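Novice: Next up is a structure, given as structure tokens.
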Amino acid sequence: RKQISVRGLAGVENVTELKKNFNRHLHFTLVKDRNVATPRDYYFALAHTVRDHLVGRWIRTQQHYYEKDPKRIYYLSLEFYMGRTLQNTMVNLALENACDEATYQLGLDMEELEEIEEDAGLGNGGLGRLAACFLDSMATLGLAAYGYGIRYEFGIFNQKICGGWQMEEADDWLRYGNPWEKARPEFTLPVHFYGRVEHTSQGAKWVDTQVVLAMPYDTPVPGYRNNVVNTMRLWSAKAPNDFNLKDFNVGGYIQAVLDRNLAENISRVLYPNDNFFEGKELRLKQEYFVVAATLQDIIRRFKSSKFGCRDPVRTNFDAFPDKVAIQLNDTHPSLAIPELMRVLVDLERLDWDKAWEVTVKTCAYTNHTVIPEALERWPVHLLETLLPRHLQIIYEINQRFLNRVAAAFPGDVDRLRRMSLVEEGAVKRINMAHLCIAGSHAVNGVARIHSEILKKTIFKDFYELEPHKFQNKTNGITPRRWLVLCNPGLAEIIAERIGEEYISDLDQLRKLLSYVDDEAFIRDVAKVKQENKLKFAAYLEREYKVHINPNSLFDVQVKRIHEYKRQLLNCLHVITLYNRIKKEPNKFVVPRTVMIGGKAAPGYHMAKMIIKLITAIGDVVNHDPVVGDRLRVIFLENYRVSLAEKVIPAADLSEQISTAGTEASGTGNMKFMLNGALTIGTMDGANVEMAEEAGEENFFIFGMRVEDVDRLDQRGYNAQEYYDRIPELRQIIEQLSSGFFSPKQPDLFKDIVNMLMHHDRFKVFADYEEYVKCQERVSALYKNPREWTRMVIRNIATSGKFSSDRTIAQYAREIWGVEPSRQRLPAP
Amino acid sequence: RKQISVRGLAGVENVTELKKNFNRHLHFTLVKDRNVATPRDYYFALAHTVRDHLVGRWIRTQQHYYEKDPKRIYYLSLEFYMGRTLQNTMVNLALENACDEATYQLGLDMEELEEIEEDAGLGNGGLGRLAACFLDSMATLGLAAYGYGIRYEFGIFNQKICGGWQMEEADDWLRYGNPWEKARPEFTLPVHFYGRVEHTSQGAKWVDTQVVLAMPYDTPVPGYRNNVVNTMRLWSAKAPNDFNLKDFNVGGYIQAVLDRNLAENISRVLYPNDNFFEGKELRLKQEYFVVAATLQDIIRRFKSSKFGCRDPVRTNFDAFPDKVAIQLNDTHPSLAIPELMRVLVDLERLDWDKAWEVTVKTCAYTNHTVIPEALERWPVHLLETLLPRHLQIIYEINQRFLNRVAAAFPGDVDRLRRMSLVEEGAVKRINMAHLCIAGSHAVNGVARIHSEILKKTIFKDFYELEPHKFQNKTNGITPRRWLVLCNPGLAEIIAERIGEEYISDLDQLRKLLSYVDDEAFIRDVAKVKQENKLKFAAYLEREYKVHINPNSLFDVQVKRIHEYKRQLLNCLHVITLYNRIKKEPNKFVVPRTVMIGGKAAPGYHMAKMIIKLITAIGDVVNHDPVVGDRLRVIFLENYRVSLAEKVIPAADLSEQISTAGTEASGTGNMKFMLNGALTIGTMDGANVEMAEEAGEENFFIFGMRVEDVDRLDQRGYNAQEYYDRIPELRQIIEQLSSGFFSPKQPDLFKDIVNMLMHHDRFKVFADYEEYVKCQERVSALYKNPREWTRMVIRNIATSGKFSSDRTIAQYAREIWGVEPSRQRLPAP
Amino acid sequence: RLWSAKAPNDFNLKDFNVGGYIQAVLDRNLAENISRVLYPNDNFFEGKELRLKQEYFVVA
Ligand SMILES: *Cc1c(COP(=O)(O)O)cnc(C)c1O
Ligand SMILES: *Cc1c(COP(=O)(O)O)cnc(C)c1O
């Protein structure tokens, strides 16, 4: 009753008040004292001091939307890669200063506690950091969004290099809790699995089903310094704990021991695809899961939150596409369409046609691949076993769509078998991308070139039938995470001259273009990067060692360690560089520290191998007494978002070298721009729009473009060919297989040899020379320490297109329909 | 650091602050608001407002101990039937009136809230209540006592009577958590199973073990206003979790699903004793589990808290007993004795005889078996496989104990094969009770005749080698749960009169003796009890339903449903009574409400059947219009501590009707005296010492005493001889078998007629008459309200022998060697 | 002379091990299918324990 209210509960900004709230939590929540507490307790102590402050806002923020009924847009994804949370909550919440002070007074080093937190083993690749860039921008722009994905116990693995080879341990990030989550067993929901469909008078029943319980953990995610805080809703699988007797099925036998290990084990570990080992009923089990749970919430909350009031069409969902917006990341939530159709046709009774009008006005799908054999597809043998009613709902969807197609092109019967959701073959499957296009009103590519590719090759019949459903939205980066916390200095001078305004529409960063020439800009920013690198060459010594140099050119590549990313390009050129500098030692050469981070994909052998070669490379060069301090090669173990927040600022040269048109977008790309790095790269994916902003002058675009790559396909790329012109290349395939870079196991990199000389799909030897040589244009510029630094501001001013802020206001305005407020919301 | 302190985080006792905490927790902790909260969220919130008060003290107490270094007593038992914690945590802390005001003003009903808490499914009987009453009285006379047990996730069922038949639903008490516990990931231990004993040169080695990990959770136990709060540590079982790689034995097979199933379910479920269905390895596995984990937490705390300062003799376990006390409640924690031997001889490195002296001075057994064949015994085939290092030490201990018997009884070669701890027969068994007598420096029975017979019959040869070990300690009860909080009514008046002093020692209630004849008191006492019976009829007619006339005499029996608890005797006298009212209707008959309650024990049949007997019996008399409201029968469903707390204060007669020489003591008994009720009952165990305190003249002792049992046994028993003497026994036997209580199934109760007629081990019929004579004396009294109550007074003022505070101050001085202080520790 | 695998058939008690779990079903199916199936070489799907299990068996 109203004495119970939010109006009082924290004094905020006093150190003071903060030190009392560290004093309560440490003693009363953690129930540890001053004498037996430990650093991990004291970070847990502080997390609660700030979370106090988050949920304050959260509650307000949330009840804001009950009485103000706004459109609620859900960002449905099965990977969400949030990383560290304490610093971020401080900047968005301003408390950082206070927080510091308070723990400095309380006699505790705040940074020493900040690396006691670990990343949310929750996501994994780029597409994760992507919904974690969008989450923060969504809130910021006043937008009512909840993000639903799964909560993973084990995230996805941890990388330890062992004797060269990638060794994977496991992330139980939650071990000792995670303070920012609030689990919720009151809102548990039963997800059905397997079953049987009886069609009777009023509808079909999907009877006899095993069930997995799904129950929700909420994390709040704040806006930037306007006091909105949003709901990340995570699911967790639970085997219904009804074992000794329930259904009086067991007496003699437990297979239930396995229900309670194959139900539960849905949210255990993340599998990320475009790999995995075999399209396991477990991945489809997770994708069905996340969607059944998530949709129940969506309807609980359309009918509830004053829509028992705002009814007015038998709670008919005509109000639904007006109020709800489901945003389908990749094909992985695609079951959201058949399921929304199940719920609606079966469970309420909205005749198929209304609830399909409703479905496509609610749904929208974001494409992330460039290549068509890699679009997800699932076999009718699996959807029939497992999700049978759904299979039926897909066949009868496709009935009708392919009629839509039959009215449209009488007699093109081959397009009728080019549009279908069932791809007849060796084995008959459903193409899950073609489902999304048919139940979403708006499909977008994720970068410029990339949607032109969806429109005129890949989805080109679809675009011909319904042109009006395709769009573009170039992915962004969030300036908070990727400017303010990951480089504080670099945001000080920017506001020191240009002055904050920008961190919520990054385009003002361009003003600092008009500020190039100043002879201080140029020596200051150099100091900053020269601040940052020292710090990294400490990391590269103290907690993971080597003998780096600060003074050096900082050659960074942190990608997925797949083939098509050319990590090997990088290695031919390092050994290039090491061979010359072995021939004429006494020779001035703008030297570098080469750094390659990534994880491989367990079981992808080539990628396991490449890392070994990149480490091995390292024992050899980095311990040779004639290279001295000239080349350095560092494999970056356990690359991840919080290692990314530090590697990106020491880095000079952002290597973005993937074979032309393989990458469909590119996000590491954008952070690498905003913190001042020079970006050598093919015209691919994202370096395209970066180049058309920063201007071609300022980049290191090179290599065989798409045109050329598709022409070396009509011509049969013969590799041994370059082998024979280039004496170096001869000489570096040479040393590898000879046994140079591995005298205890010479033969070893024979694999890679035979990949490169003979079966190289991605055309390494073809882009060699024009790359070796393009590098000599950057090794040009980093002798002349002034001009290097001149390029750099000119890259940096340009960057405000690479704002999640942007990427979001567009989604917001053009699909979601909602207009992105920048309003600071009230609140205690 | 030092600014980081407890000192004054609570505004403590201000509605002004407490409301504001039921407001931080409902919002910041729970993370709900005024809008979205359920009752539960508020009982949850209140729970946390109290809990702060609670842990401040707990912190102060435990650091208090660190500084002073007193003897620590550790209480191992396998059950703690705590019951509810809110209202008991508030009276031991005084908060009831501040927490009421406070919730009342935010407009929340404090008692509604209290019915949200579920009883800890951690106990299951008279043995688990004993342990949590000693635990209250251990905090109250300030003893540094930890309690140690298993933290069962699912209790041991909730009885729910479906169709007359008991149906057992799981009790996941923790379903929505439990707020009082703070789990400790930090100090998780291994519990090594199976494996192999290697004999190296310095000693044994237990190798190749399978390992479960025991992880602690602690609850706090507030003392009554003396400001101490001690620890209670429950061990949750936890399978090691690196399932996808370890030892690189997987890839191929998971039978390891069963580790994480059979390690995990060591804590899901209780297995309660002298029964069960078959002496399973799980039983014994729970048992070794709580010990292995605990003697590590016990030697940890011993090595840590100031013992190399307190070393003196190489921290020697010479000085271990000054600082440790180990209470093996029943044989279940017996393995405590080869394990403390195992660690000190194998791990540490004393010799046997040194570890032996230190073992027997540290453990003390307590016994609850009045009779012999229930006495715990494990098969050595069953200990070899699982516990091989420990089998060896029990063989060496048996060997060495026997040498002492021969030294003492030269040539008594049959005493040797009695005093042995290894039994031979059908299968070779180890008798775990003789194993406790050899590792305890004391053995104690829990009643005078109980503790007498342990000495004269049960363990007689042992008594003869070792007088200084056997002793008696009669069970007691706390006046806090069981007077102050179950019935505050009778608690006010006893202080307007003799005034609070008494709660900290019950003997002052004798001061009320002189008040037999004040006529205020006498009608106050009675008004008090009526106010309870009336309260109690509100439950019976509300949250369950019937027509219990509030004014009638309340007959209650709430013991375990068993053959030897005679709830049959009771039903025969009830259907008798039925018959007589029906017989001679318009008569004066002194009317009753017979309420019988108890949980059967699944896989026992006479017990499951008797429950249907009392439910049907009722269903008749409880609708028969010629009876009106002269009789009711009610089966109290799902008997637990918070139904006890409700029935004991309302009850008028307690039924303690055992067959003489079957009970050892009985704590319920005692709870019935203090709540101002009368007692018909046979002269068993506790009733002996209960009666000599109040004088025989105020109990209703009826029936065969022990001596008379042995007489009907030597001379030979024959129920049809009683049957032939008593025409009223034909009267209901007839009635039972004819089908008068079983409309759809006559012959159904033939199992009981038949048994009663030829297989009543307990002589129901032999006690039929003195019982139904003694009960005609009982109804007498209820017609004379003045004297009924004068009987009530010489009972309430005489209870003093029966406080757990008595029991415990004796345990402390004769066995444990600590002097119970009553000093208030000052604390916030 | 050709060989067929056969697990020891004492399956309810023998080793004084069971009355508890039967995992033990699996020797009588992972010994049993040592001779129930060719696993033909320079292929197969993964150098399973079962083929090494079979080479030793015909040899021993
Ligand atoms: C942003 C980010 C990247 C993104 O990957 P790209 O393919 O380079 O766009 C990589 N790793 C982490 C952890 C990130 O935060
Ligand atoms: C104390 C108590 C008992 C004790 O059983 P008795 O045989 O009467 O000693 C039983 N159940 C509960 C819940 C108790 O509080």
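To match Swiss-Prot, the residue numbers of chain B are left as they are there, and the shown ones run 11-838.
Heads up, the Cβ atoms here are built off N, Cα and C, so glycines get one too.
Pulled these features from Swiss-Prot for this protein:
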type	residues	note
MOD_RES	B:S15	phosphoserine
BINDING	B:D43, B:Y76, B:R310, B:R311, B:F312, B:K313, B:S314, B:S315, B:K316, B:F317, B:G318, B:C319	AMP binding site
SITE	B:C109	site 'Involved in the association of subunits'
SITE	B:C143	site 'Involved in the association of subunits'
SITE	B:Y156	site 'Can be labeled by an AMP analog'
MOD_RES	B:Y204	phosphotyrosine
MOD_RES	B:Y227	phosphotyrosine
MOD_RES	B:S430	phosphoserine
MOD_RES	B:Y473	phosphotyrosine
MOD_RES	B:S514	phosphoserine
MOD_RES	B:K681	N6-(pyridoxal phosphate)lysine
MOD_RES	B:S747	phosphoserine
MOD_RES	B:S748	phosphoserine
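So that I understand the layout, could you describe where these features sit and how close they are to other parts?
Specialist: Secondary structure at B:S15 (phosphoserine), as computed by DSSP, is coil. Same-chain residues at least 6 positions away in sequence with a Cβ under 8 Å from that of B:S15 (phosphoserine) are not found in this chain.
B:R310 (AMP binding site) falls within a helical segment according to DSSP. In the shown protein chains, 12 other C-beta atoms lie within 10 A of the C-beta of B:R310 (AMP binding site).
B:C109 (site 'Involved in the association of subunits') carries a helical DSSP state (H, G or I). Non-local neighbourhood of B:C109 (site 'Involved in the association of subunits'): B:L28, B:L56, B:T59, B:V60, B:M100, B:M120, each in the same chain, at least six residues away, with C-beta under 8 Å from its C-beta.
Neighbour list (B:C143 (site 'Involved in the association of subunits'), Cβ cut-off 8 Å, at least 6 residues apart, same chain): B:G486, B:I487, B:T488, B:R491, B:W492, B:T677, B:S814.
Secondary structure at B:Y156 (site 'Can be labeled by an AMP analog'), as computed by DSSP, is strand. The Cβ neighbour count for B:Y156 (site 'Can be labeled by an AMP analog'), using a 10 Å radius over every protein chain in view, is 22.
Counting only same-chain residues six or more apart in sequence, the Cβ atoms lying under 8 angstroms from the Cβ of B:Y204 (phosphotyrosine) belong to B:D218, B:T219, B:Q220, B:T395, B:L396, B:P398.
For B:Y227 (phosphotyrosine), the Cβ neighbour count at a 10 Å cut-off comes to 18, with all displayed protein chains included. For the recorded site, B:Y227 (phosphotyrosine), the DSSP three-state label reads strand.
Cβ environment of B:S430 (phosphoserine): B:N408, B:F411, B:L412, B:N441, B:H444 lie under 8 Å away, each six or more residues apart in the same chain. A coil conformation is recorded for B:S430 (phosphoserine) in the three-state DSSP classification, outside any helix or strand.
Other Cβ atoms within 10 Å of the Cβ of B:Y473 (phosphotyrosine), summed over all protein chains shown, number 17. For the recorded site, B:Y473 (phosphotyrosine), the DSSP three-state label reads helix.
If you take the C-beta of B:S514 (phosphoserine) and look for same-chain residues 6 or more apart in sequence within under 8 angstroms, you find B:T150, B:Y234, B:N236, B:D815, B:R832.
According to DSSP, B:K681 (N6-(pyridoxal phosphate)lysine) sits within a helical segment.
Within the same chain, residues at least 6 positions away in sequence whose Cβ sits under 8 Å from that of B:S747 (phosphoserine) are B:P756, B:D757, B:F759, B:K760, B:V763.
Cβ-based neighbour count (10 Å, all protein chains) for B:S748 (phosphoserine) stands at 12.
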Novice: What subset of the recorded positions B:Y156, B:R310, B:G318, B:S514, B:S748 has a Cβ positioned less than 8 Å from a Cβ of chain A?
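Specialist: Correct list: none.
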Novice: What whole-number distance in angstrom separates the two most remote CA atoms of the AMP-binding residues B:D43, B:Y76, B:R310, B:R311, B:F312, B:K313, B:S314, B:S315, B:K316, B:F317, B:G318, B:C319?
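Specialist: That value is 52 Å for the farthest Cα pair.
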Novice: Could you say which of the recorded positions B:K316, B:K681 has its Cβ with the most other Cβ atoms inside 10 Å?
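Specialist: The largest 10 Å Cβ neighbour count belongs to B:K681.
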Novice: Can you tell me the CA-to-CA distance separating B:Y473 (phosphotyrosine) and B:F312 (AMP binding site), as a whole number of Å?
Specialist: 32
Novice: Tell me whether B:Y204 (phosphotyrosine) sits in a helix, a strand or coil according to DSSP.
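Specialist: Assignment for B:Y204 (phosphotyrosine) reads coil.
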Novice: Please name which of the recorded positions listed here, B:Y156, B:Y227, B:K681, B:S748, is nearest in space to B:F312 (AMP binding site), Cα against Cα.
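Specialist: So, spelling it out, the nearest of the recorded positions is B:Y156.
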Novice: Nearest of the recorded positions to B:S314 (AMP binding site) by CA-CA distance, picking from B:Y156, B:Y227, B:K681, B:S748?
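Specialist: When the Cα distances are compared, B:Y156 comes out closest.
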Novice: Between the recorded positions B:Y156, B:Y227, B:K681, B:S748, which lies closest to B:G318 (AMP binding site), Cα to Cα?
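Specialist: Going through B:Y156, B:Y227, B:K681, B:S748 one by one, the closest to B:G318 (AMP binding site) is B:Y156.
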Novice: Pick the one among the binding-site residues B:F312, B:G318 whose Cβ has the fewest other Cβ atoms within 10 Å in this structure.
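Specialist: Checked B:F312, B:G318; of these binding-site residues, fewest Cβ neighbours within 10 Å: B:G318.
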Novice: Hey, how far is B:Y156 (site 'Can be labeled by an AMP analog') from B:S748 (phosphoserine), Cα to Cα, in Å?
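Specialist: Counting only the Cα atoms, the answer is 57 Å.
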Novice: Can you name the residues of this chain that are 6 or more positions from B:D43 (AMP binding site) yet have a C-beta less than 8 Å from its C-beta?
Specialist: B:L36, B:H37
Novice: Let me know how many other Cβ atoms fall within 10 Å of the Cβ of B:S314 (AMP binding site).
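Specialist: Its Cβ shell of radius 10 Å holds 11 other Cβ atoms.
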Novice: Taking DSSP as the reference, which of helix, strand or coil describes B:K316 (AMP binding site)?
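Specialist: Once the DSSP labels are grouped into three classes, B:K316 (AMP binding site) ends up as coil.
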Novice: Just the number: how many Å between the Cα atoms of B:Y227 (phosphotyrosine) and B:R310 (AMP binding site)?
Specialist: 16
